[PDB]
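Let me begin by presenting the structure, written as structure tokens, before commenting on it.
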Ligand SMILES: *CC(=O)Nc1ccc(-c2nc3ccccn3c2Nc2c(C)cc(O)cc2C)cc1
Ligand SMILES: *CC(=O)Nc1ccc(-c2nc3ccccn3c2Nc2c(C)cc(O)cc2C)cc1
Ligand SMILES: [Ca+2]
Ligand SMILES: [Ca+2]
Ligand SMILES: [Ca+2]
Ligand SMILES: [Ca+2]
Ligand SMILES: [Ca+2]
Ligand SMILES: [Ca+2]
Ligand SMILES: [Ca+2]
Ligand SMILES: [Ca+2]
Ligand SMILES: [Cl-]
Ligand SMILES: [Cl-]
Ligand SMILES: [Mg+2]
Ligand SMILES: [Mg+2]
Ligand SMILES: [Mg+2]
Ligand SMILES: [Mg+2]
């Protein structure tokens with residue numbers, strides 16, 4: 001999965 | 001802490 | 001509400017204790033109670049709210065993905081019929097997840113966003129609105145899926161517009177918003193080119209503004225810039 | 001009970017799904033429902049029950065320790081008064097932990113232990129009884145602390161007596177029981193010499209019986225033997 005904050 | 005199972 | 005009898009300051013104090021104890025459900029309940037006192041939240045308090053719910057929904061999303069994968073495998077050719085239990089349990093977790101999202105969106109709508117006038121607060125809350133609609137979109141399969149996606153898009157876009165006008169390109173809130181909206185494009189809106197363009201432009205415009213920053217601000221901004229780079233590396 | 005309408009087999013199936021999804025509270029609720037159907041549990045089912053509650057109470061114990069440490073520091077000389085919140089929240093977590101222990105002990109008493117006649121099942125359940133009284137003892141500070149400790153001791157001792165008569169010294173249940181009773185001696189009963197003696201004798205008697213085992217049984221037994229060695233290394 002891609003990075004989120 | 002010591003090991004328990 | 002069960003937190004109605006507890007002082008605002010005590011709820012904040014206990015949210016911080018819950019974080020230390022990795023008790024994120026408790027942390028979220030304390031912060032919900034704090035929001036429902038009706039006063040605006042400080043920067044620190046906004047971040048307590050976000051950390052709490054991010055951790056709760058993060059765990060639900062991870063569980064939902066495990067169960068969805070099992071369910072998908074069950075509907076492949078040659079898979080033995082095991083009954084309704086996988087679907088039921090995936091639905092149970094999904095309903096819980098949707099409930100948490102609805103809770104967060106409810107707090108934002110009643111009345112955090114409408115009282116947020118400073119860019120830092122308003123962008124933060126609109127990013128949250130986009131995020132929690134995005135989580136609803138991840139599990140949506142019905143007649144309202146398009147509307148859920150558009151709700152996420154709209155919230156992110158309003159946040160983007162404010163952030164570009166009112167914040168420097170290195171501002172961590174602005175950077176994190178762009179990171180997440182880029183992921184929305186890639187994973188939800190079937191728009192990988194938009195995702196890549198946004199991540200690249202955001203990274204490059206931040207790079208050009210790093211020279212203005214203190215050592216500590218530089219550290220904060222470059223950390224998020226690396227996440228943009230990580231996604232670009234994954235996608236290209 | 002909320003699980004009263006769900007089939008036993010469906011509860012077991014969903015406990016396994018919950019484990020895969022790391023949803024241990026759900027797993028425990030499913031297994032409680034399965035126990036309350038009133039039928040005895042198979043080996044696999046007993047292990048599902050234990051895994052679920054071990055994970056739930058394990059998280060509570062970790063949180064309680066964090067909060068207890070903060071509370072202890074607050075009562076040192078020179079510490080600023082912060083009000084009742086640390087104590088309150090530690091008490092909240094403690095009460096939840098005690099509730100889970102009471103739930104497990106309730107299942108054992110109604111009626112898992114009394115229907116368990118085979119050594120493998122009876123020892124397993126009596127070990128569980130000792131363990132959950134031990135967890136109650138960890139947080140006990142009142143008039144009943146001695147009785148709680150004695151309840152743990154008594155359950156462990158009955159399990160030990162059966163295990164020594166009915167199981168080989170390499171049996172994993174026997175080994176795990178001895179490991180945990182040794183920890184009880186060290187951490188709860190203020191009996192480090194007894195703890196060390198038990199761990200050493202258990203290890204040595206298992207070592208002497210390894211020659212009787214298959215490759216797979218050898219792997220299982222040596223894994224637990226290493227835990228005994230690890231504790232001995234910590235304590236000597
Ligand atoms: C006042 C305010 O909101 N300031 C703020 C909040 C959050 C961050 C932040 N710093 C780091 C470092 C590593 C990973 C994540 N984060 C965050 N998280 C967010 C970011 C980057 C952006 C938004 O919009 C929200 C959050 C929670 C820095 C400064
Ligand atoms: C039928 C039965 O109960 N058999 C059984 C249960 C549990 C184990 C076991 N194997 C391993 C390996 C590494 C760490 C822990 N464990 C366990 N756990 C237990 C042990 C060793 C002893 C007792 O009494 C209970 C448990 C849950 C092996 C065989
Ligand atoms: Ca088949
Ligand atoms: Ca089935
Ligand atoms: Ca659904
Ligand atoms: Ca305002
Ligand atoms: Ca002072
Ligand atoms: Ca206080
Ligand atoms: Ca208490
Ligand atoms: Ca029986
Ligand atoms: Cl279910
Ligand atoms: Cl509390
Ligand atoms: Mg007040
Ligand atoms: Mg644009
Ligand atoms: Mg039936
Ligand atoms: Mg003895």
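These residue numbers are counts, starting from 1, taken along the chain as shown.
Header lists the method as X-ray crystallography, 1.4 Å.
Every residue, even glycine, has its Cβ placed from backbone N, Cα and C.
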Candidate annotated in Swiss-Prot as phosphoserine, out of D:10, D:68, D:110, D:154: D:10
Site from D:74, D:79 that Swiss-Prot describes as phosphoserine, others unannotated there: D:79
Distal contacts, the expression tag (D:1-5) - CB-CB under 8 A, six or more residues away: 11, 29-30, 32-34, 36
Listed recorded sites (D:61, D:134), ranked by Cβ neighbours within 10 Å, top entry: D:134
Modified residues compared (D:10, D:79) - highest count of Cβ atoms within 10 Å: D:10
Of D:10, D:61, D:79, chain B-adjacent recorded positions (C-beta under 8 angstroms): none
Interface-adjacent recorded positions, chosen from D:10, D:61, D:79, D:134 when a CB lies under 8 A of chain C: D:10
Using Cα positions only, nearest of the recorded positions to residue D:79 (phosphoserine) (D:10, D:61, D:134): D:61
Rounded to the nearest Å - Cα separation of residue D:61 (site 'Interaction with phosphoserine on interacting protein') and residue D:134 (site 'Interaction with phosphoserine on interacting protein'): 11
Distance from residue D:134 (site 'Interaction with phosphoserine on interacting protein') back to residue D:10 (phosphoserine), taken between C-alpha atoms, in Å: 32
